[PDB]
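Observations on chain architecture
Given next are the chains, with one letter for each unit.
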Amino acid sequence: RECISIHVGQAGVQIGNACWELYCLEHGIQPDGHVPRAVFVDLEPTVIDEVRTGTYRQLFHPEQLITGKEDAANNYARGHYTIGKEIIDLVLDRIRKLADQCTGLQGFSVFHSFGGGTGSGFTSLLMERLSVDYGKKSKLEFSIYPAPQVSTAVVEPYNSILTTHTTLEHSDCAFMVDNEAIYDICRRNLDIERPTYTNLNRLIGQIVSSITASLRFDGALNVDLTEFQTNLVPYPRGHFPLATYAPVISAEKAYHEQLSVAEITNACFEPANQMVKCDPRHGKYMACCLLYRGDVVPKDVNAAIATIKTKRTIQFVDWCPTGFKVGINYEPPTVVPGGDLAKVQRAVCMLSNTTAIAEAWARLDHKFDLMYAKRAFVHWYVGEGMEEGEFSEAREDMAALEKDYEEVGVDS
Ligand SMILES: Nc1nc2c(ncn2[C@@H]2O[C@H](COP(=O)(O)OP(=O)(O)OP(=O)(O)O)[C@@H](O)[C@H]2O)c(=O)[nH]1
Ligand SMILES: [Mg+2]
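Residues numbered from 1 in each chain as written, not as in the entry; some residues may be left out. Chains lettered and ligands numbered in written order. Heavy atoms only, no water.

The record lists cryo-EM as the method behind this PDB entry and 9.40 Å as its resolution.

Our next topic: helix α12 (residues 298-309). Spanning 12 residues, α12 covers 16 Å between terminal C-alpha atoms, matching the ideal 16 Å at 1.5 Å per step. Within the sequence span of α12, burial applies to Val-301, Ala-304, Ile-305 and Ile-308. Burial along α12 is one-sided: seen end-on, the buried residues are contained in an arc of 95 degrees. Those residues of α12 that are exposed and angled more than 90 degrees off the buried face are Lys-299 and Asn-302. Lining the buried residues of α12 we find α10 (261-264), α11 (266-269), β8 (285-294) and β9 (324-328). (Helix = DSSP H or I, 4+ residues; strand = E, 2+ residues; numbered from the N terminus. Expected span 1.5 Å × (residues − 1). Buried < 20%, exposed > 50% of the residue type's maximum accessible area, 1.4 Å probe, protein only. Arc of directions from axis to C-beta. Contact = heavy atoms within 4.5 Å.)

Moving on: the site of ligand 1. Looking at ligand 1, there are 19 residues lining it, with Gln-10, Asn-74, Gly-117, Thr-118 and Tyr-197 nearest. In the environment of ligand 1, an oxygen atom lies 2.5 Å from a nitrogen or oxygen atom belonging to the backbone of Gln-10. In this structure, an oxygen atom belonging to ligand 1 sits 3.3 Å away from a main-chain N or O atom of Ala-11. For ligand 1, the accessible surface in isolation is 660 Å², of which the surrounding protein chains cover 93%. When contributions to the shell around ligand 1 are tallied by element, the ones reaching two or more residues are α1 (9-25), α5 (117-133) and α8 (197-215). Top element by residues in the shell around ligand 1 is α1. It accounts for 4 residues. Of the residues in the shell around ligand 1, the class split is 6 nonpolar, 12 polar and 1 charged. (Near = heavy atom within 4 Å. Polar contact = N/O pair within 3.5 Å; in protein donor to acceptor, adjacent residues only side chain to side chain. Areas by Shrake-Rupley, 256 points an atom, 1.4 Å probe, with all protein chains shown as cover. Nonpolar A, V, L, I, M, F, W, Y, C, P; charged D, E, K, R; others polar.)

Burial analysis of β9 places 5 of its 5 residues in the buried class, the great majority of the element. Side chains of β9 alternate between two faces, with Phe-324, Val-326 and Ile-328 and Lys-325 and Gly-327 buried alike. The β-α-β motif built from β8, the intervening α12 and the parallel element β9 has right-handed crossover chirality. (Right-handed = clockwise from strand over helix to strand, strands pointing away.)

Close contact between α5 and helix α6 (residues 157-167) brings their axes to 9 Å; oriented N to C, the two are set at 5 degrees. Here α5 is positioned roughly parallel relative to α6, judged by the angle of their axes. For the pair α5 and α6, the contacting residues are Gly-119, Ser-120, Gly-121, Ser-124 and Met-127 in the first and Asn-159, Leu-162, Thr-163, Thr-166 and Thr-167 in the second. Of the residues assigned to the contact of α5 with α6, the class counts are 2 nonpolar, 8 polar and no charged. (Axes fitted to C-alpha atoms, helices over the stretch in contact; angles between N-to-C directions. Parallel < 35°, antiparallel > 145°, perpendicular 65-115°, else oblique.)

Between α1 and helix α2 (residues 45-53), whose axes approach to 9 Å, the crossing angle comes to 15 degrees. On the basis of their axis angle, the class for α1 and α2 is roughly parallel. Crossing of α1 over α2 shows left-handed handedness. Contact residues: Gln-10, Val-13 and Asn-17 in α1; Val-47, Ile-48 and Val-51 in α2. Partitioned by chemical class, the residues of the contact of α1 with α2 number 4 nonpolar, 2 polar and no charged. (Left-handed = near helix turned anticlockwise from the far one by under 90°.)

A surface patch of negative charge is lined by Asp-318, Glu-402, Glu-406, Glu-407 and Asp-411. The topology assignment puts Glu-406 in helix α16 (residues 404-407). (Patch = residues over 30% accessible without salt bridge, like charges linked within 9 Å, V, L, I, M, F, W, Y side chains within 5 Å. Salt bridge = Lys/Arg side-chain N within 4 Å of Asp/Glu carboxyl O. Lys, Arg positive; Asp, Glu negative; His and termini not counted. Charge placed at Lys NZ, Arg CZ, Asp CG, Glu CD.)

On to the UniProt feature "binding site: Mg(2+)" in the protein chain, then. UniProt annotation of "binding site: Mg(2+)" refers to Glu-44 when read in the numbering used here. Note on placement: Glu-44 falls in the loop between β2 (38-42) and α2. If we skip the residues at most four places from it in the chain, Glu-44 touches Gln-10, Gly-68 and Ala-72. (UniProt positions renumbered as here; feature names shortened; annotations may be inferred.)

A separate point is the UniProt feature "active site" in the protein chain. As recorded in UniProt, the sites labelled "active site" are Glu-227. Position of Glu-227 relative to the elements: it lies in helix α9 (residues 225-232). Assessed through its relative accessible area of 26%, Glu-227 is described here as partly exposed. Sequence-distant contacts of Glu-227, that is, excluding residues within four places in its chain, are made with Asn-222, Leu-232 and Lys-325.

Attention now goes to the nonpolar core. Ranked by size, the top nonpolar core spans 49 residues in total, and within it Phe-142, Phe-175, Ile-204, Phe-228 and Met-275 carry the most contacts. Residue contributions to this core reach at least three from each of two domains, namely domain 1 (1-241) and domain 2 (242-356). If we skip the residues at most four places from it in the chain, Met-275 touches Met-176, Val-177, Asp-178, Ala-181, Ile-182, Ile-185, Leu-203, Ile-204, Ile-207, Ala-243 and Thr-244. Residues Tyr-145, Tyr-158, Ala-174 and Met-176 belong to the second largest nonpolar core, which totals 33 residues. (Core = buried A, V, L, I, M, F, W, Y, C linked by side-chain atoms within 4.5 Å. Domains from an automatic or database assignment.)

Taken as a whole and judged by the stated rule, the model has 15 salt bridges. A salt bridge links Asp-224 to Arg-216, with the shortest nitrogen-to-oxygen separation between them at 2.4 Å. With relative accessibility at 25%, the residue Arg-216 sits in the partly exposed group. Put simply, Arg-281 and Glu-359 hold a salt bridge, and the shortest N to O gap is 2.6 Å. Taken together, the residues span a long stretch of sequence, with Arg-281 in the loop between α11 and β8 and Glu-359 in helix α13 (residues 358-372) at a distance of 78 residues. Residue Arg-281 is classed as exposed on the basis of its relative accessible area, which comes to 58%. Classification of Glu-359 as buried rests on a relative accessible area of 17%. Each member of the salt-bridge network shares a partner with another, and the members are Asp-71, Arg-78 and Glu-384.

Printed below as a string of structure tokens:
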């Protein structure tokens, strides 16, 4: 029934504090109410401390807040092997101590930031140690994969080609939200050149609320977590769909809010609104899980979608007749009291697997090579319990992820 969550890496923790905020906010549980149902991991104390100093301070147990005073290191190796190792046990312990206390759970919603040290590496083995300790569950990892041109870390790819290959054979469904492609939404669909990280977080903090929160919440067309991976992954590769939200209108500027279904659903497939720089440049969808929430008439959907199924310029895979999982919830969304999110009475958090990422992975793989081609910051990992193996052998890994996402599509 439940779904634990492990927010790993400063980012996964910032986003965590955010997604965790939106929660109580739409459940009437102020600062000090019940008890969360997740944990927080980081090898840099000062960040988890922010959850220990700032807002939502006492809504957590100093037990579900793991820290390694030591060093973060923007390098996979160190975070996965060398350092990150020391903490893992302890980490697990909570996701085994928190996993027990419950009643027939469904899985762990993992929150990490692909291209980091504590986020890429660590998790790599966290999800790793999970796939074995609970192979019998769902492993949906919600990632924030590398901005297409606006990356931060100098190494980023090293850290992301490595978190992909190690987690690939362990996740159930990996959701992806592109940090940059979300900015566009903040520039083009909300207008603000002042987007603090605290915003992107409010956003995913939204799209995510549509996943677990409301879905695990009764409705006219419930959709379990398992449901996802089933209706969402055509193949064992921990396939990565993309998150998209519909009413991303500004709560100040424009106001046409009352945008009946027929509109908000069409607003999902236009590439300028998908929290991912993977513009459907060719990527044929192969399965979409349209999660609606608020006042929505099933016919409105079983029509708004029909209209789409016949737009053709939206070309769905061949081997897939119908790939539209319609998830209907009741309670409308719940916008921050005064952030910058419109606040409509219905939304569409549609996520999907698109042959599109054939790109995004490509462009991120290429990156890697360029540097590896010169070993660049390699000495930083080797000296951290890794080898020419793990790199070269994780490169070959993704290689067959560029072929995979190619074969499962583009062909009939
Ligand atoms: N959406 C979003 N992205 C974030 C946030 N914080 C960081 N990121 C992104 O995630 C990546 C940064 O990872 P870091 O903060 O360097 O590292 P970490 O993953 O926390 O772990 P360490 O490297 O060991 O510190 C960059 O690509 C950032 O753009 C956040 O609050 N929200
Ligand atoms: Mg950090």
